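Derivation of every value follows stated rules applied to the coordinates shown; laboratory data play no part. Don't worry about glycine lacking a Cβ; one is built from the backbone with ideal geometry, like all the others, and counts go over all protein chains shown.
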Amino acid sequence: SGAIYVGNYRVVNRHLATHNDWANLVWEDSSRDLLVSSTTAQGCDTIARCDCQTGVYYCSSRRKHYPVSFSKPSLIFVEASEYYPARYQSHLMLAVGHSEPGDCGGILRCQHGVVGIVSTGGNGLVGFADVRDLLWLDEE
Ligand SMILES: NC(=O)[C@H]1CCCN(C(=O)c2ccnc3[nH]ncc23)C1
Ligand SMILES: [Zn+2]
């Protein structure tokens, strides 16, 4: 589990969104595994605006932050799970790291700020849903 709290937005994995998220919806994209809902309180996370390919992510199944090298956001084949059928997920970045069921939502961050959230795992891989192109997270 986990979210990005930027301005009056909450950024979560679409597959983990709550009823309150759906009742306060700003934007959702199944192809990216992302959903954004509105918040009453202002958050403290800042979004990175960059093409960093190194950073650090939080792994809840280890209680550890790991430094990683990750691929540029791409259209990556993702295997069928309890949340989605076999499909191409867009804006996904891959790294080598521990990610098991429950690690989705952990933040990936670089020197500039938050890059994305854990969205895939297994096989000693971890995938991150990129948020750096969502410029609207910074206003309104
Ligand atoms: N965005 C998606 O389509 C996700 C949905 C959750 C599952 N998933 C994984 O890649 C995954 C996550 C955690 N541990 C794992 N072990 N084996 C596979 C996995 C795909
Ligand atoms: Zn950066």
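Annotation: the antiparallel percentage among DSSP beta bridges lying fully within the chain is about 95. When you count the other C-beta atoms within 10 angstrom of each residue and take the mean per peptide, 123-130, 78-85 line up highest first as 123-130, 78-85.
Of the residues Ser61, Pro85, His19, the one whose Cα sits farthest toward the positive end of the charge dipole of the chain, with +1 on the Cβ of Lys and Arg and -1 on the Cβ of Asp and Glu, is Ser61. Calculated FRET efficiency, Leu125 to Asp51, Cβ-Cβ distance, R0 = 25 Å: about 0.75 to the nearest 0.05. Annotation for region 105-140 versus region 52-74: alpha-carbon center distance of 9 Å. Ranked by the mean number of other Cβ atoms within 10 Å per residue, highest first, peptides 68-75, 11-18 order as 11-18, 68-75. Report note on the peptides 31-43, 91-103: ranked by the mean count of other C-beta atoms within 10 Å, highest first, their order is 91-103, 31-43.
Sequence-distant contacts, meaning Cα pairs under 8 Å at least 6 residues apart, place the relative contact order of region 45-140 at 30 percent. Scaled against 2.2 N^0.38 Å for its residue count N, the alpha carbon radius of gyration of region 3-44 is 1.04.
Mean projected area of the convex hull spanned by the Cα atoms of region 17-140, taken over all viewing directions: 7.8 nm².
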